[PDB]
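The chain below stands alone, shown as structure tokens; this is the form deposited in one PDB entry.
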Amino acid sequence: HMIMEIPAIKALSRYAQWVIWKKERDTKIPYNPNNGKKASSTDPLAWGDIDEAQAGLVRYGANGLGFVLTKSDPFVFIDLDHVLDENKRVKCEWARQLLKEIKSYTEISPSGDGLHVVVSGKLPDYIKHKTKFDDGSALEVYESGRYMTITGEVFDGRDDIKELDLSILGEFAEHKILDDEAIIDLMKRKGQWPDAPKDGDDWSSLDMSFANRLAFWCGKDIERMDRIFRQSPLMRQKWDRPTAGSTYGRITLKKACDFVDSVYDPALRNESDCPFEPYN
């Protein structure tokens, strides 16, 4: 009764693309409002209308409402993280400047330190989805493929979705122009994916043990081992520090390729020829 008074929520309530979400440790997993199952962002019949989302919110005790964004709906979702201080005022200049150029429906995200802006328009095709900043804030832009939590906490009385040109987002987002994740999932299923270093562990000794495993699974493809290492819990700034005409990471990967003798062949699937045992 309270949130349906907002003009922007009425615009969103025309679409049967509503979900509910709940806190799993420190993530916001979306759920089907009708049966409580886990909701996909590509299955339309896993969603519901706003009345079903509000009923399921009470049925399963979820944390709040959500809205799945699709290519067909005219909405763009702008996510601004860690831009509000304790008093829920903007403390980041990039976020302040963005709100002055994109005056649409703005609400305070569930954690209270962020903002959501919902606009009607088209994203520029040359910007990254996520852009991080030095102070810790971030900017996520999505027009489809994922959902957004809905709180209804209107910020600065901006309670109406406007149709704005979004080419100005190029001033804030960074520009952008077997598979890697296939190898990662393979190593994870074999217990070859390391965990974050505990205190008292020799991190560089963990780097070499993991680089040794990468040399096998990646077939000693050093450019692939490097791309995978940067996504691993062992990545740090030392990986790119210069060390005697090279980087610590390049030297670590080249020593692993020399130390390791056998390789994993995707055609042969010689998973048993791995010389290293899984982690604990």
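So that the term is clear: the rigid core is the largest set of C-alpha atoms that superpose within 1.5 Å between two forms. Numbers follow the displayed sequence, beginning with 1.
Mean C-alpha temperature factor, higher of 206-214 and 190-198: It is 190-198 that shows the higher mean C-alpha B-factor.
260-268 or 14-22, whichever carries the higher mean Cα B-factor: Higher mean C-alpha B-factor in the PDB entry: 260-268.
Highest-ranked of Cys92, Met148, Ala173, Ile78 once sorted by CA temperature factor in the record: Going by the entry's C-alpha B-factors, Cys92 comes out highest.
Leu115, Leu178, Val118, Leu139, ranked by C-alpha B-factor: the highest one: Reading the PDB entry, the winner on C-alpha B-factor is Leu178.
Third of chain Cα B-factors occupied by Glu163: Answer is middle: the recorded C-alpha B-factor places it there.
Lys88 - Cα temperature factor, lowest/middle/highest third of chain: Its C-alpha B-factor belongs to the highest third of this chain's values.
Assigned third (lowest, middle, highest) for the C-alpha B factor of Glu52: According to the entry, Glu52 has a C-alpha B-factor in the chain's middle third.
Third of the chain's Cα B-factor distribution that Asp226 belongs to, per the entry: Lowest third.
Third assignment of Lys254 from its chain's C-alpha B-factors: It falls in the middle third of the chain.
Same protein, other form: the form deposited in another entry, not shown, and the subject of what follows.
Cα displacement of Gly136 between this form and the one not shown reaching 2 Å, rigid core superposed: Superposed on the core, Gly136 moves its C-alpha 2 Å or more between this form and the one not shown.
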